[PDB]
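Notes for the one structure printed next.
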Amino acid sequence: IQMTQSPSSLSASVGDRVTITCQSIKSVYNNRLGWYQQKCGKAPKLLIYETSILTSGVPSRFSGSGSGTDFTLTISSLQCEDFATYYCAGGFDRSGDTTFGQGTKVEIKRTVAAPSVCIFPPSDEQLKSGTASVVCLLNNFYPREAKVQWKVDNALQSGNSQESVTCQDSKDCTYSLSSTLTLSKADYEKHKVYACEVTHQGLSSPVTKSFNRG
Amino acid sequence: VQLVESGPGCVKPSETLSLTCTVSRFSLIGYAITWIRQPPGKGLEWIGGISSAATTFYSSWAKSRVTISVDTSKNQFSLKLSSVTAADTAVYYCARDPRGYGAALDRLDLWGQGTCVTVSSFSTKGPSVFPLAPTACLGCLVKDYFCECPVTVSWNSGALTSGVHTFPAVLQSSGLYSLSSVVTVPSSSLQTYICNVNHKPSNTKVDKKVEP
């Protein structure tokens, strides 16, 4: 059974002290308790081993404590680059009784940041085939809530767009977002203005970026 | 020192999955290698491991479907997972315990970057790579590919890292993946801009020039 971690997710501001707990049923064998940090898209990284010893190069803001069945990871001055899922891992004997905790997500709150917006028309190569993708990019905003609306010749679109979002940025805690509008070449060629309108609490009114085909 | 993982990427149900983890550089360490997997959106799960004495350990769930071994002549560690189903879809990681322990997770000081495995009936398909042409924004659209990973996007062959955002892929209503990689650059950049895209399951290697 995975060891128990608490909470499942938490958020605090830059500079705050936060604590993550790890609890097991059996007592740990010979201080075999370590803590891993996993950033998006990346392998976990060992931050602390044998309960309280820091990996070389890990900043001193991380510390580990506890014993037996109850362990704590503390981050004493939360930074944007600490956005990650943290896992404890333990050994209870020397013959195969070892497991991970369920993970705890850490998010970092910061001030509002408005996105800067970019729009891309379909490339000529893609237009050579029968498909046309239009891409709207929202860069470096906070918080994550954002409405992207596509308009073609001022007609609103639904069902032909998809978005995805990065994780919180290591340097400035912002998100970035891409929205892709998919049309057929035939429908693309019938129309002239392509626009994406962005609504975000950092902008006093919605921002529209657009292009005229050709 | 790097643990280089290799594997087929997209596999069909009931096949045997074969992964390798090759130690790419000499280490004077008598180290152990542990295998761990992470299903999409879930946590880390121990599969098993191999000690400095080659003592091979297996998680209770893997004891009957996994074989773990080492080929010392190639410093290559192997994992075989038999009769896969869609539930074996996950990122598979190899990691090193510097103490030589084959059954320990508290001190994995060095990790491979993971090899993505998708168990599915659907056919592999390589991506098309399209420039997204214009501070300023530029990038590449990797479109219409299956399975999702392993997929690699670099800029200028690694030279351009600051400001680059490669987005998670989305499953399109066509049933194929699409993603974009973008970088914000100085507004009056003329500079050569190459995105390097590798979709290993389809043997697709494309370098694409993004010009004004």
Side-chain angles (χ1 to χ4, degrees), chain A residues 1-92 97-113 142-144 166-175, chain B residues 36 38 41-46 93 95 97 104-109 111:
Chain A
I1 303 205
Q2 284 172 128
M3 292 171 300
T4 283
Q5 274 181 243
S6 183
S8 302
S9 63
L10 64 93
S11 78
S13 302
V14 171
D16 285 355
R17 189 196 194 79
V18 295
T19 282
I20 296 170
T21 70
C22 180
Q23 176 172 264
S24 63
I25 298 299
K26 311 188 119 271
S27 170
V28 154
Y29 175 93
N30 274 3
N31 299 333
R32 287 177 195 191
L33 197 281
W35 289 97
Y36 298 91
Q37 173 191 70
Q38 183 177 36
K39 300 174 151 230
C40 301
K42 303 277 173 176
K45 164 183 165 190
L46 178 65
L47 295 190
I48 297 193
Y49 59 97
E50 285 157 46
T51 306
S52 66
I53 309 139
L54 264 70
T55 289
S56 99
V58 171
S60 275
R61 333 184 262 100
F62 293 91
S63 65
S65 70
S67 68
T69 64
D70 295 282
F71 303 93
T72 298
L73 171 72
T74 303
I75 317 173
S76 73
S77 182
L78 188 61
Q79 300 302 318
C80 290
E81 53 262 42
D82 301 335
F83 178 98
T85 303
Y86 294 85
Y87 296 90
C88 59
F92 310 100
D97 202 1
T98 186
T99 189
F100 288 95
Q102 31 195 29
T104 294
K105 285 180 191 5
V106 171
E107 325 178 298
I108 310 119
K109 159 128 172 214
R110 57 148 297 154
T111 52
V112 173
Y142 191 86
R144 152 62 181 105
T166 61
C167 293
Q168 207 151 2
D169 186 71
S170 76
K171 304 144 219 213
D172 68 6
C173 279
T174 62
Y175 305 92
Chain B
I36 295 130
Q38 185 166 43
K42 291 129 171 234
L44 303 166
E45 172 182 45
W46 183 52
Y93 293 104
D97 186 321
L105 304 170
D106 59 300
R107 199 172 165 186
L108 299 169
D109 67 339
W111 288 65

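By convention in this document, chain letters (A, B, ...) are assigned in the order of the sequence lines, proteins followed by strands, and residues within each chain are numbered from 1.
At distances below 3.5 Å, not a single donor-acceptor pair connects side-chain atoms of A/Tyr142 with backbone N or O atoms of A/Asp172. Checked by atom type and distance alone, the side chain of A/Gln37 never pairs as donor or acceptor with a backbone atom of A/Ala84 at under 3.5 Å.
The side-chain heavy atoms of A/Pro44 and A/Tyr87, taken from C-beta on, include no pair separated by under 4.5 Å. Counting only heavy atoms from C-beta outward, the side chains of A/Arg17 and A/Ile75 never approach each other to under 4.5 Å. Side-chain contact between A/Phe92 and A/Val28: present, with at least one pair of heavy atoms (C-beta onward) separated by less than 4.5 Å. Proximity of A/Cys88 to A/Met3: side-chain heavy atoms (C-beta onward) are separated by under 4.5 Å at one or more points. Side-chain contact check for A/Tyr86 versus A/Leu47: some heavy-atom pair is nearer than 4.5 Å.
B/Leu108 CG to B/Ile36 CD1: the interatomic distance, rounded to the nearest 0.5 Å, is 5.0 Å. For the atom pair CD1 of A/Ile48 and OG of A/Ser63, the computed distance is 6.0 Å after rounding to the nearest 0.5 Å. The distance from the CH2 atom of A/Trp35 to the OG1 atom of A/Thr55 is 14.0 Å, given to the nearest 0.5 Å. A distance of 10.0 Å separates OG in A/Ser52 from CZ in A/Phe71, rounded to the nearest 0.5 Å. Here CD of A/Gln2 is found 6.0 Å from OG1 of A/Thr99. Values are rounded to the nearest 0.5 Å. Taken from OG1 in A/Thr4 to CG in A/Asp70, the straight-line distance is 10.5 Å, to the nearest 0.5 Å.
Take B/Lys42 and apply the side-chain contact (heavy atoms from CB on, under 4.5 Å) test, not counting sequence neighbours, and it matches B/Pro39. Residues satisfying the side-chain contact (heavy atoms from CB on, under 4.5 Å) test with A/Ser27, not counting sequence neighbours, are A/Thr69. With sequence neighbours left out, A/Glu50 forms a salt bridge (charged side-chain N to carboxylate O under 4.0 Å, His left out) with B/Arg99, B/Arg107. Qualifying salt bridge (charged side-chain N to carboxylate O under 4.0 Å, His left out) partners for B/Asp109, counting only residues two or more places apart in sequence or in other chains: B/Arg96. The side-chain contact (heavy atoms from CB on, under 4.5 Å) search around A/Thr104 returns A/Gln5, A/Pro7, A/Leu10, A/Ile20, not counting sequence neighbours. Taking the salt bridge (charged side-chain N to carboxylate O under 4.0 Å, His left out) definition, one finds that A/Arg61 meets it with A/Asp82, sequence neighbours left out.
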Query raised in the report: Can you list the steps and then say if A/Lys109 with A/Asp16 is a side-chain contact (heavy atoms from CB on, under 4.5 Å)?
Result: CA-CA 10 Å; A/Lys109 159 128 172 214; A/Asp16 285 355; over 6 Å; no
(message) Could you walk me through whether A/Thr19 and A/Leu73 satisfy the side-chain contact (heavy atoms from CB on, under 4.5 Å) test, starting with their C-alpha distance in whole Å, then the side-chain angles of each, then the deciding distance to 0.1 Å, before giving a yes or no?
(response) CA-CA 6 Å; A/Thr19 282; A/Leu73 171 72; over 6 Å; no
side-chain contact (heavy atoms from CB on, under 4.5 Å) between A/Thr98 and A/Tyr29: does it pass, once the steps are laid out? CA-CA 10 Å; A/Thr98 186; A/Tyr29 175 93; over 6 Å; no
* Given A/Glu81 and A/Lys39, is the side-chain contact (heavy atoms from CB on, under 4.5 Å) satisfied, shown in steps? -> CA-CA 9 Å; A/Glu81 53 262 42; A/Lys39 300 174 151 230; 4.0 Å; yes
